[PDB]
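Trainee: As input, take entry14.cif (mmCIF, C-alpha atoms):
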```cif
data_entry
#
loop_
_atom_site.label_atom_id
_atom_site.label_comp_id
_atom_site.auth_asym_id
_atom_site.auth_seq_id
_atom_site.Cartn_x
_atom_site.Cartn_y
_atom_site.Cartn_z
CA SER A 1 0.00 0.00 0.00
CA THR A 2 0.86 3.69 -0.22
CA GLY A 3 -0.57 7.00 0.92
CA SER A 4 -0.17 10.58 -0.26
CA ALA A 5 -1.49 13.74 1.41
CA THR A 6 -1.01 17.46 0.85
CA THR A 7 0.44 19.45 3.73
CA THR A 8 -0.40 23.15 3.96
CA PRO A 9 1.20 26.03 5.87
CA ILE A 10 -1.01 27.32 8.70
CA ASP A 11 -0.22 30.96 7.94
CA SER A 12 1.77 33.20 5.61
CA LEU A 13 5.06 32.58 7.44
CA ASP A 14 5.02 28.77 7.37
CA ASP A 15 4.88 28.72 11.18
CA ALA A 16 3.72 25.11 10.93
CA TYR A 17 2.09 22.71 8.44
CA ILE A 18 -1.22 20.86 8.70
CA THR A 19 -2.24 17.66 6.93
CA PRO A 20 -5.76 16.23 6.86
CA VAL A 21 -6.25 12.92 8.68
CA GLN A 22 -9.38 10.76 8.69
CA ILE A 23 -10.24 9.25 12.08
CA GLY A 24 -13.10 6.91 12.88
CA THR A 25 -16.19 5.55 11.17
CA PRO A 26 -17.73 7.54 9.62
CA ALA A 27 -14.57 9.53 9.01
CA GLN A 28 -13.89 12.61 11.13
CA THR A 29 -11.31 14.75 9.37
CA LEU A 30 -8.86 16.65 11.55
CA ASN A 31 -5.91 18.75 10.42
CA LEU A 32 -2.84 17.47 12.23
CA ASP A 33 0.73 18.68 12.58
CA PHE A 34 2.91 15.84 11.30
CA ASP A 35 5.87 15.79 13.67
CA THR A 36 9.00 13.71 13.05
CA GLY A 37 10.27 14.94 16.44
CA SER A 38 7.65 13.18 18.58
CA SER A 39 5.72 9.93 18.67
CA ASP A 40 2.19 10.60 19.94
CA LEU A 41 -0.89 10.95 17.73
CA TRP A 42 -3.11 13.21 19.81
CA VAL A 43 -6.23 15.21 19.02
CA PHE A 44 -8.53 17.86 20.33
CA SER A 45 -11.65 15.96 21.28
CA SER A 46 -15.08 15.97 22.83
CA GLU A 47 -13.21 15.31 26.09
CA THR A 48 -11.05 18.44 25.95
CA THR A 49 -11.82 20.99 28.66
CA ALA A 50 -14.32 23.32 26.97
CA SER A 51 -12.48 26.54 27.85
CA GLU A 52 -9.35 25.13 26.18
CA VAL A 53 -11.04 24.68 22.80
CA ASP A 54 -11.16 27.79 20.59
CA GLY A 55 -11.95 26.97 16.96
CA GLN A 56 -10.28 23.58 16.55
CA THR A 57 -12.04 20.63 15.01
CA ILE A 58 -12.60 17.90 17.61
CA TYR A 59 -12.64 14.13 17.47
CA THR A 60 -15.72 12.67 19.11
CA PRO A 61 -15.06 8.98 19.76
CA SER A 62 -18.66 8.29 20.81
CA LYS A 63 -19.73 9.00 17.21
CA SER A 64 -17.24 6.50 15.81
CA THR A 65 -18.45 2.93 15.48
CA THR A 66 -14.86 1.65 15.33
CA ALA A 67 -13.57 3.59 18.36
CA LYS A 68 -12.69 1.59 21.45
CA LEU A 69 -11.47 2.98 24.75
CA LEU A 70 -8.02 1.64 25.55
CA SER A 71 -8.78 0.75 29.14
CA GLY A 72 -6.60 2.42 31.75
CA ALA A 73 -4.33 4.10 29.22
CA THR A 74 -3.28 7.71 29.70
CA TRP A 75 -0.79 10.04 28.04
CA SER A 76 0.97 13.27 28.89
CA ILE A 77 3.50 15.12 26.79
CA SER A 78 5.56 18.29 27.08
CA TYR A 79 7.28 19.86 24.09
CA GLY A 80 10.45 21.90 23.75
CA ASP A 81 8.49 25.15 23.51
CA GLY A 82 6.89 24.77 26.93
CA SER A 83 3.58 23.54 25.55
CA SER A 84 1.84 20.37 26.75
CA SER A 85 -1.26 18.21 26.56
CA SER A 86 -2.62 15.06 28.17
CA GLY A 87 -5.61 12.75 28.27
CA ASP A 88 -6.88 9.25 27.61
CA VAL A 89 -6.60 6.86 24.67
CA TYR A 90 -8.83 5.18 22.10
CA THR A 91 -7.99 2.85 19.28
CA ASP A 92 -9.65 3.66 15.97
CA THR A 93 -9.20 3.58 12.23
CA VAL A 94 -6.89 6.30 10.94
CA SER A 95 -6.25 7.11 7.29
CA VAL A 96 -3.76 9.47 5.67
CA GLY A 97 -4.07 10.20 2.00
CA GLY A 98 -5.59 6.82 1.23
CA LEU A 99 -3.42 4.73 3.57
CA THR A 100 -5.39 3.07 6.36
CA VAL A 101 -4.35 1.74 9.78
CA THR A 102 -6.87 -0.10 11.94
CA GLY A 103 -6.37 -0.16 15.70
CA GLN A 104 -4.29 3.02 15.76
CA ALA A 105 -3.86 4.59 19.18
CA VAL A 106 -5.64 7.96 19.09
CA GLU A 107 -4.73 10.00 22.12
CA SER A 108 -7.68 12.15 23.13
CA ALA A 109 -6.82 15.40 24.91
CA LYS A 110 -8.53 16.16 28.18
CA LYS A 111 -6.15 19.09 28.74
CA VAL A 112 -4.06 21.28 26.41
CA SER A 113 -1.80 24.22 27.23
CA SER A 114 -2.57 27.76 26.15
CA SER A 115 -0.47 27.82 22.98
CA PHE A 116 -2.50 24.94 21.54
CA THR A 117 -5.81 26.57 22.48
CA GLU A 118 -4.62 29.82 20.90
CA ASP A 119 -3.83 28.15 17.58
CA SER A 120 -7.19 27.33 15.98
CA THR A 121 -5.53 25.81 12.90
CA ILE A 122 -3.93 22.75 14.52
CA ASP A 123 -6.33 20.01 15.63
CA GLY A 124 -3.58 17.82 17.07
CA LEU A 125 -0.25 16.14 16.27
CA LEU A 126 0.71 13.02 14.37
CA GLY A 127 4.05 11.76 15.64
CA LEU A 128 6.54 10.20 13.25
CA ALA A 129 9.62 9.80 15.42
CA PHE A 130 10.38 6.35 16.85
CA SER A 131 7.74 4.63 18.95
CA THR A 132 10.16 4.40 21.88
CA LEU A 133 9.23 8.06 22.63
CA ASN A 134 5.47 7.38 22.79
CA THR A 135 4.08 8.58 26.12
CA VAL A 136 1.12 6.23 26.55
CA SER A 137 1.09 4.51 29.93
CA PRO A 138 1.09 1.78 31.10
CA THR A 139 1.32 0.22 27.62
CA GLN A 140 3.36 2.25 25.14
CA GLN A 141 1.73 2.60 21.73
CA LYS A 142 3.05 2.60 18.17
CA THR A 143 3.14 5.51 15.72
CA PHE A 144 1.02 5.57 12.59
CA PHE A 145 4.12 4.85 10.50
CA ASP A 146 5.19 1.97 12.72
CA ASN A 147 1.73 0.41 12.38
CA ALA A 148 1.58 0.92 8.60
CA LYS A 149 5.17 -0.05 7.80
CA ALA A 150 4.77 -3.75 7.11
CA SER A 151 1.91 -3.06 4.69
CA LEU A 152 3.71 -0.37 2.70
CA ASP A 153 5.25 -1.09 -0.68
CA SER A 154 8.51 0.24 0.79
CA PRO A 155 9.07 1.00 4.52
CA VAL A 156 9.53 4.75 4.03
CA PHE A 157 7.78 8.07 4.22
CA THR A 158 8.84 11.34 2.62
CA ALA A 159 8.48 14.99 3.52
CA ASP A 160 8.33 17.58 0.76
CA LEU A 161 7.44 20.80 2.54
CA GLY A 162 6.70 23.94 0.55
CA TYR A 163 8.00 27.46 0.98
CA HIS A 164 4.95 29.67 1.40
CA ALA A 165 3.09 26.92 -0.48
CA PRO A 166 1.59 23.48 0.02
CA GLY A 167 3.71 20.34 -0.10
CA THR A 168 3.35 16.61 0.27
CA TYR A 169 3.77 13.73 2.71
CA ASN A 170 4.04 10.36 0.99
CA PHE A 171 3.98 6.95 2.62
CA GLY A 172 5.41 3.82 1.11
CA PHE A 173 7.03 5.18 -2.05
CA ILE A 174 9.55 7.65 -3.38
CA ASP A 175 8.19 10.03 -6.01
CA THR A 176 11.16 10.29 -8.35
CA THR A 177 9.58 13.32 -10.07
CA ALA A 178 9.60 15.36 -6.86
CA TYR A 179 13.31 16.14 -6.62
CA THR A 180 16.34 16.97 -8.75
CA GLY A 181 19.58 15.04 -8.92
CA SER A 182 19.99 12.09 -6.59
CA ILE A 183 19.03 11.36 -3.01
CA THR A 184 21.99 11.25 -0.64
CA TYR A 185 21.45 8.90 2.26
CA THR A 186 23.07 9.34 5.63
CA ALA A 187 23.24 7.31 8.86
CA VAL A 188 20.69 7.61 11.64
CA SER A 189 20.99 6.99 15.34
CA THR A 190 17.73 6.01 17.01
CA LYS A 191 19.29 6.01 20.49
CA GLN A 192 17.35 9.12 21.60
CA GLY A 193 14.21 8.15 19.69
CA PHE A 194 14.71 10.74 16.96
CA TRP A 195 15.74 10.81 13.31
CA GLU A 196 19.19 11.86 14.47
CA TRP A 197 21.97 12.32 11.95
CA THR A 198 25.22 14.20 11.37
CA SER A 199 25.54 17.01 8.88
CA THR A 200 28.98 17.37 7.30
CA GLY A 201 29.10 21.17 7.54
CA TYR A 202 27.80 24.50 6.35
CA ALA A 203 28.27 27.63 4.27
CA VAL A 204 26.86 31.13 4.59
CA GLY A 205 25.75 32.70 1.34
CA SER A 206 28.45 32.41 -1.31
CA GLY A 207 31.11 31.71 1.33
CA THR A 208 33.40 28.73 1.58
CA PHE A 209 32.06 25.49 2.95
CA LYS A 210 33.19 24.68 6.49
CA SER A 211 33.64 20.96 7.03
CA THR A 212 32.49 20.13 10.53
CA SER A 213 30.22 17.50 12.04
CA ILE A 214 26.87 18.76 13.28
CA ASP A 215 24.71 16.18 15.06
CA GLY A 216 21.02 16.98 14.92
CA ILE A 217 17.48 15.80 14.32
CA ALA A 218 15.23 16.01 11.28
CA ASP A 219 12.13 17.48 12.89
CA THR A 220 9.12 18.51 10.82
CA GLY A 221 7.39 19.66 13.99
CA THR A 222 9.91 22.40 14.71
CA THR A 223 9.56 25.56 12.62
CA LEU A 224 13.10 26.91 12.68
CA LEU A 225 16.69 25.71 12.20
CA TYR A 226 18.55 25.43 15.53
CA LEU A 227 22.32 25.10 15.29
CA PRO A 228 25.39 25.68 17.48
CA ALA A 229 25.98 29.27 18.56
CA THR A 230 29.24 29.48 16.54
CA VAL A 231 27.42 28.59 13.31
CA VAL A 232 24.48 30.89 14.04
CA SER A 233 26.80 33.82 14.83
CA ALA A 234 28.65 33.25 11.56
CA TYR A 235 25.36 33.43 9.65
CA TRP A 236 23.95 36.58 11.27
CA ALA A 237 27.30 38.39 11.09
CA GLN A 238 26.59 38.64 7.36
CA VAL A 239 23.37 40.60 7.93
CA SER A 240 23.83 44.31 8.72
CA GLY A 241 22.10 45.19 11.95
CA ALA A 242 21.29 41.64 13.03
CA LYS A 243 21.70 40.84 16.70
CA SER A 244 20.67 38.43 19.37
CA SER A 245 17.90 39.93 21.45
CA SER A 246 17.51 38.61 24.97
CA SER A 247 14.10 40.26 25.24
CA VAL A 248 12.77 38.75 22.03
CA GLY A 249 14.49 35.41 22.64
CA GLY A 250 16.80 35.06 19.68
CA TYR A 251 18.34 36.71 16.64
CA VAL A 252 16.41 39.51 15.02
CA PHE A 253 17.31 41.52 11.94
CA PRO A 254 16.09 44.60 10.07
CA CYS A 255 13.05 43.72 8.00
CA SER A 256 14.66 45.79 5.22
CA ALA A 257 17.44 43.17 4.82
CA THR A 258 17.88 40.72 1.99
CA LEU A 259 19.13 37.59 3.70
CA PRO A 260 21.96 35.35 2.54
CA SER A 261 21.40 31.68 1.86
CA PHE A 262 22.55 28.94 4.22
CA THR A 263 23.95 25.65 2.97
CA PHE A 264 24.14 22.43 4.99
CA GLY A 265 26.06 19.26 4.12
CA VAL A 266 24.62 15.80 3.69
CA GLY A 267 27.62 13.61 3.08
CA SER A 268 29.29 15.13 0.02
CA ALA A 269 26.00 16.70 -1.05
CA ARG A 270 24.78 20.20 -0.29
CA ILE A 271 21.31 21.56 0.48
CA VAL A 272 20.87 25.30 -0.08
CA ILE A 273 18.31 27.17 2.01
CA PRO A 274 17.45 30.42 0.17
CA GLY A 275 17.72 33.56 2.26
CA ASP A 276 14.00 34.31 2.02
CA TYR A 277 13.27 31.03 3.86
CA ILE A 278 15.04 32.49 6.93
CA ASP A 279 12.71 35.54 7.27
CA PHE A 280 9.94 35.02 9.87
CA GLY A 281 8.57 38.53 9.75
CA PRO A 282 8.03 41.33 12.25
CA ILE A 283 8.54 40.48 15.93
CA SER A 284 5.26 42.26 16.63
CA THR A 285 2.69 43.75 14.29
CA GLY A 286 4.05 46.87 12.64
CA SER A 287 7.64 46.41 13.81
CA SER A 288 10.59 46.81 11.47
CA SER A 289 12.52 44.21 13.48
CA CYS A 290 12.11 40.71 12.04
CA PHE A 291 12.60 37.29 13.59
CA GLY A 292 15.36 35.10 12.24
CA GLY A 293 14.80 31.57 11.00
CA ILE A 294 18.21 30.32 12.14
CA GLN A 295 18.64 30.33 15.91
CA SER A 296 21.02 28.96 18.52
CA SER A 297 20.48 25.49 19.92
CA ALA A 298 22.50 26.35 23.02
CA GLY A 299 20.39 25.33 25.98
CA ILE A 300 18.17 22.99 23.91
CA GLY A 301 20.70 20.19 24.17
CA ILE A 302 20.32 19.11 20.56
CA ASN A 303 20.57 20.72 17.14
CA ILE A 304 17.30 20.71 15.20
CA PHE A 305 16.92 20.65 11.44
CA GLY A 306 13.38 22.02 11.48
CA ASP A 307 11.12 23.18 8.69
CA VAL A 308 13.46 26.00 7.59
CA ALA A 309 15.98 23.35 6.60
CA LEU A 310 13.69 20.51 5.58
CA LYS A 311 11.58 22.63 3.23
CA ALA A 312 14.70 23.25 1.10
CA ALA A 313 14.86 19.48 0.45
CA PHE A 314 13.04 16.35 -0.48
CA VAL A 315 13.53 14.23 2.64
CA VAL A 316 13.28 10.44 2.89
CA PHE A 317 12.60 8.92 6.27
CA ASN A 318 13.77 5.38 5.60
CA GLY A 319 12.35 2.93 8.11
CA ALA A 320 14.28 -0.11 6.91
CA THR A 321 15.70 -2.51 9.51
CA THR A 322 18.53 -0.02 9.90
CA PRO A 323 16.89 3.36 9.47
CA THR A 324 18.50 6.10 7.39
CA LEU A 325 17.69 9.60 6.13
CA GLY A 326 17.82 10.75 2.53
CA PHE A 327 18.09 14.32 1.24
CA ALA A 328 17.72 15.61 -2.30
CA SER A 329 17.55 19.10 -3.73
CA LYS A 330 14.31 20.01 -5.45
#
```
Show me this structure written as structure tokens.
Mentor:
Amino acid sequence: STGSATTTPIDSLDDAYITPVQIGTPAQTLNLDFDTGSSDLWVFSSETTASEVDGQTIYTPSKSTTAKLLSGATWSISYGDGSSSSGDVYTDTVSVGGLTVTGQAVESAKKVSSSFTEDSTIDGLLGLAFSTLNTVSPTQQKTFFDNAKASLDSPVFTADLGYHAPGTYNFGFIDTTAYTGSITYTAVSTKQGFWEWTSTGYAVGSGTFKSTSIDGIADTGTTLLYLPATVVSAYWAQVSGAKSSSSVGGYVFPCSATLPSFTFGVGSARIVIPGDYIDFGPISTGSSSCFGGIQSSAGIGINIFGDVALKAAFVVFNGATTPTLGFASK
């Protein structure tokens, strides 16, 4: 089997991407944030505290003839941005772009933190990191990809995120028309539960490539590109007036700037992030100070190749016996 679904930016800055997901019988369609940095499929639901729902579409398991309460199971998750959610668990039929899993754990939110409530465009998350990170207790549950894998034509999914435009998530096949050149594959460590790999270096704009190993994760659920402070300083030093703002919480730059590109290494291959991809707009409405798309990972504890990086590439999440990651230009 295979599946293919369009993923769409939630707003004009690509702050996140949503992909429609069918849950239950009859289908209830929710727009989920596909997240290769976590491993829980959770949804706003009929069980979510009423005051914490503000415009999201909810899953109502009582209206699904295939929903079953997973007795005694609970979940609770906290993300790197300080947000969180928790609740109970059902199993139900879940389909993505024509690909169907029966008995998928659907984690129903009883509580969500304010940032989720305040974002009416995201109805939940669909985790695509390794199932070892799944938070369901006392019986850990598998991700959608883990459940589908054996049935897929090939044990892979691909992320092809757009810049200020829709893109595609495919399951079970590689669309050879969706990228240029070849796909360069690189080793993955699953030891921390992530799609963790090592970039071979970077360049800023038209500058020389610096060969240096940068360990990080391929994370579709993180908006920006988080790299070591040395690398980030080298990038922003090329932008007149850019500076790290303690009060804003990262590098900002004059909105009047044209940004340089940023290149990252994948083995001997090179992925070029155009400068415009690194502009995240005014820090507040009407401001001429703009938020940077490349930020320091110092204090995160890991480097994160988020959407800023991934959207410059066609990315293969290869779930073979020994997982790997593939990157191609597009």
Trainee: Have a look at CA of residue 284 in chain A and CA of residue 248 in chain A and let me know their distance in Å, one decimal.
Mentor: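 According to the coordinates, CA of residue 284 in chain A and CA of residue 248 in chain A are separated by 9.9 Å.
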Trainee: Step by step, work through what the PyMOL selection byres ((chain A and resi 44-61) around 9) selects in the shown file, and finish by giving those residues as a PyMOL selection string.
Mentor: chain A and resi 23-24+28-31+42-43+62-69+87-88+90+92+107-114+116-124
Trainee: Taking C-alpha atoms for each residue, export the selection above as a short mmCIF file (atom, residue, chain, number, x, y, z; two decimals), in the frame of the given file.
Mentor:
```cif
data_model
loop_
_atom_site.label_atom_id
_atom_site.label_comp_id
_atom_site.auth_asym_id
_atom_site.auth_seq_id
_atom_site.Cartn_x
_atom_site.Cartn_y
_atom_site.Cartn_z
CA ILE A 23 -10.24 9.25 12.08
CA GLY A 24 -13.10 6.91 12.88
CA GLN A 28 -13.89 12.61 11.13
CA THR A 29 -11.31 14.75 9.37
CA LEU A 30 -8.86 16.65 11.55
CA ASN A 31 -5.91 18.75 10.42
CA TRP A 42 -3.11 13.21 19.81
CA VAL A 43 -6.23 15.21 19.02
CA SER A 62 -18.66 8.29 20.81
CA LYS A 63 -19.73 9.00 17.21
CA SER A 64 -17.24 6.50 15.81
CA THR A 65 -18.45 2.93 15.48
CA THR A 66 -14.86 1.65 15.33
CA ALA A 67 -13.57 3.59 18.36
CA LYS A 68 -12.69 1.59 21.45
CA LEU A 69 -11.47 2.98 24.75
CA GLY A 87 -5.61 12.75 28.27
CA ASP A 88 -6.88 9.25 27.61
CA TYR A 90 -8.83 5.18 22.10
CA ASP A 92 -9.65 3.66 15.97
CA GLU A 107 -4.73 10.00 22.12
CA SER A 108 -7.68 12.15 23.13
CA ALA A 109 -6.82 15.40 24.91
CA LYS A 110 -8.53 16.16 28.18
CA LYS A 111 -6.15 19.09 28.74
CA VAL A 112 -4.06 21.28 26.41
CA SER A 113 -1.80 24.22 27.23
CA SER A 114 -2.57 27.76 26.15
CA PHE A 116 -2.50 24.94 21.54
CA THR A 117 -5.81 26.57 22.48
CA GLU A 118 -4.62 29.82 20.90
CA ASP A 119 -3.83 28.15 17.58
CA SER A 120 -7.19 27.33 15.98
CA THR A 121 -5.53 25.81 12.90
CA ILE A 122 -3.93 22.75 14.52
CA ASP A 123 -6.33 20.01 15.63
CA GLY A 124 -3.58 17.82 17.07
#
```
Trainee: Which is closer to residue 326 in chain A than all the others in A:291, A:251, A:174, A:225, using all atoms listed in the file?
Mentor: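 Closest candidate: A:174.
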Trainee: How far is it from CA of residue 313 in chain A to CA of residue 153 in chain A, in Å with one decimal?
Mentor: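 One can read the CA of residue 313 in chain A to CA of residue 153 in chain A distance as 22.7 Å.
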Trainee: Let me know the residues the PyMOL selection byres ((chain A and resi 160) around 10) catches in the file above, as a list in words.
Mentor: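 What the PyMOL selection byres ((chain A and resi 160) around 10) grabs from the file is residues 6, 7, 158, 159, 161, 162, 163, 166, 167, 168, 169, 170, 178, 179, 310, 311, 312, 313, 314, 315, 316 and 330 of chain A.
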Trainee: Apply the PyMOL selection byres ((chain A and resi 241) around 8) to the displayed file and report the matching residues as a list in words.
Mentor: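 Applying the PyMOL selection byres ((chain A and resi 241) around 8) to the structure shown produces residues 239, 240, 242, 243, 253 and 254 of chain A.
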Trainee: Restrict the selected residues to C-alpha atoms and save them as a short mmCIF file (atom, residue, chain, number, x, y, z; two decimals), in the frame of the given file.
Mentor:
```cif
data_model
loop_
_atom_site.label_atom_id
_atom_site.label_comp_id
_atom_site.auth_asym_id
_atom_site.auth_seq_id
_atom_site.Cartn_x
_atom_site.Cartn_y
_atom_site.Cartn_z
CA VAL A 239 23.37 40.60 7.93
CA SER A 240 23.83 44.31 8.72
CA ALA A 242 21.29 41.64 13.03
CA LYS A 243 21.70 40.84 16.70
CA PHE A 253 17.31 41.52 11.94
CA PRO A 254 16.09 44.60 10.07
#
```
Trainee: Name the residues in contact with range 128-141 of chain A at a cut-off of 10 Å, using only C-alpha atoms, excluding same-chain residues fewer than 5 positions from it; report them as a PDB file with C-alpha atoms, in the frame of the given file.
Mentor:
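Result file is selection-v9.pdb:
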```pdb
ATOM      1  CA  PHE A  34       2.910  15.840  11.300  1.00  0.00           C
ATOM      2  CA  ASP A  35       5.870  15.790  13.670  1.00  0.00           C
ATOM      3  CA  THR A  36       9.000  13.710  13.050  1.00  0.00           C
ATOM      4  CA  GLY A  37      10.270  14.940  16.440  1.00  0.00           C
ATOM      5  CA  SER A  38       7.650  13.180  18.580  1.00  0.00           C
ATOM      6  CA  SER A  39       5.720   9.930  18.670  1.00  0.00           C
ATOM      7  CA  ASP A  40       2.190  10.600  19.940  1.00  0.00           C
ATOM      8  CA  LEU A  41      -0.890  10.950  17.730  1.00  0.00           C
ATOM      9  CA  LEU A  70      -8.020   1.640  25.550  1.00  0.00           C
ATOM     10  CA  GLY A  72      -6.600   2.420  31.750  1.00  0.00           C
ATOM     11  CA  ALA A  73      -4.330   4.100  29.220  1.00  0.00           C
ATOM     12  CA  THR A  74      -3.280   7.710  29.700  1.00  0.00           C
ATOM     13  CA  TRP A  75      -0.790  10.040  28.040  1.00  0.00           C
ATOM     14  CA  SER A  76       0.970  13.270  28.890  1.00  0.00           C
ATOM     15  CA  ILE A  77       3.500  15.120  26.790  1.00  0.00           C
ATOM     16  CA  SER A  78       5.560  18.290  27.080  1.00  0.00           C
ATOM     17  CA  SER A  86      -2.620  15.060  28.170  1.00  0.00           C
ATOM     18  CA  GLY A  87      -5.610  12.750  28.270  1.00  0.00           C
ATOM     19  CA  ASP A  88      -6.880   9.250  27.610  1.00  0.00           C
ATOM     20  CA  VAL A  89      -6.600   6.860  24.670  1.00  0.00           C
ATOM     21  CA  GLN A 104      -4.290   3.020  15.760  1.00  0.00           C
ATOM     22  CA  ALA A 105      -3.860   4.590  19.180  1.00  0.00           C
ATOM     23  CA  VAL A 106      -5.640   7.960  19.090  1.00  0.00           C
ATOM     24  CA  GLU A 107      -4.730  10.000  22.120  1.00  0.00           C
ATOM     25  CA  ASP A 146       5.190   1.970  12.720  1.00  0.00           C
ATOM     26  CA  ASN A 147       1.730   0.410  12.380  1.00  0.00           C
ATOM     27  CA  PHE A 157       7.780   8.070   4.220  1.00  0.00           C
ATOM     28  CA  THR A 190      17.730   6.010  17.010  1.00  0.00           C
ATOM     29  CA  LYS A 191      19.290   6.010  20.490  1.00  0.00           C
ATOM     30  CA  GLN A 192      17.350   9.120  21.600  1.00  0.00           C
ATOM     31  CA  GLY A 193      14.210   8.150  19.690  1.00  0.00           C
ATOM     32  CA  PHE A 194      14.710  10.740  16.960  1.00  0.00           C
ATOM     33  CA  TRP A 195      15.740  10.810  13.310  1.00  0.00           C
ATOM     34  CA  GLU A 196      19.190  11.860  14.470  1.00  0.00           C
ATOM     35  CA  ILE A 217      17.480  15.800  14.320  1.00  0.00           C
ATOM     36  CA  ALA A 218      15.230  16.010  11.280  1.00  0.00           C
ATOM     37  CA  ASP A 219      12.130  17.480  12.890  1.00  0.00           C
ATOM     38  CA  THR A 220       9.120  18.510  10.820  1.00  0.00           C
ATOM     39  CA  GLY A 221       7.390  19.660  13.990  1.00  0.00           C
ATOM     40  CA  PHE A 317      12.600   8.920   6.270  1.00  0.00           C
ATOM     41  CA  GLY A 319      12.350   2.930   8.110  1.00  0.00           C
TER      42      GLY A 319
END
```
Trainee: Identify, on the basis of only C-alpha atoms, every residue whose closest approach to residue 171 in chain A does not exceed 10 Å; exclude the query and any residue fewer than 6 positions from it along the same chain; express the result as a short mmCIF file (atom, residue, chain, number, x, y, z; two decimals) with C-alpha atoms, in the frame of the given file.
Mentor:
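Wrote it out as around21.cif, contents follow:
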```cif
data_model
loop_
_atom_site.label_atom_id
_atom_site.label_comp_id
_atom_site.auth_asym_id
_atom_site.auth_seq_id
_atom_site.Cartn_x
_atom_site.Cartn_y
_atom_site.Cartn_z
CA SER A 1 0.00 0.00 0.00
CA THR A 2 0.86 3.69 -0.22
CA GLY A 3 -0.57 7.00 0.92
CA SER A 4 -0.17 10.58 -0.26
CA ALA A 5 -1.49 13.74 1.41
CA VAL A 96 -3.76 9.47 5.67
CA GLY A 97 -4.07 10.20 2.00
CA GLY A 98 -5.59 6.82 1.23
CA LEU A 99 -3.42 4.73 3.57
CA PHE A 145 4.12 4.85 10.50
CA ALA A 148 1.58 0.92 8.60
CA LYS A 149 5.17 -0.05 7.80
CA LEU A 152 3.71 -0.37 2.70
CA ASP A 153 5.25 -1.09 -0.68
CA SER A 154 8.51 0.24 0.79
CA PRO A 155 9.07 1.00 4.52
CA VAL A 156 9.53 4.75 4.03
CA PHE A 157 7.78 8.07 4.22
CA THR A 158 8.84 11.34 2.62
CA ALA A 159 8.48 14.99 3.52
CA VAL A 316 13.28 10.44 2.89
CA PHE A 317 12.60 8.92 6.27
#
```
Trainee: Residues within 8 Å of residue 274 in chain A, please, as a list in words. Count only C-alpha atoms; anything in the same chain fewer than 5 positions from it doesn't count.
Mentor: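 Selected residues are residues 260, 261, 262 and 312 of chain A.
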Trainee: Grab the CA of residue 215 in chain A to CA of residue 199 in chain A distance for me, in Å with one decimal place.
Mentor: 6.3 Å
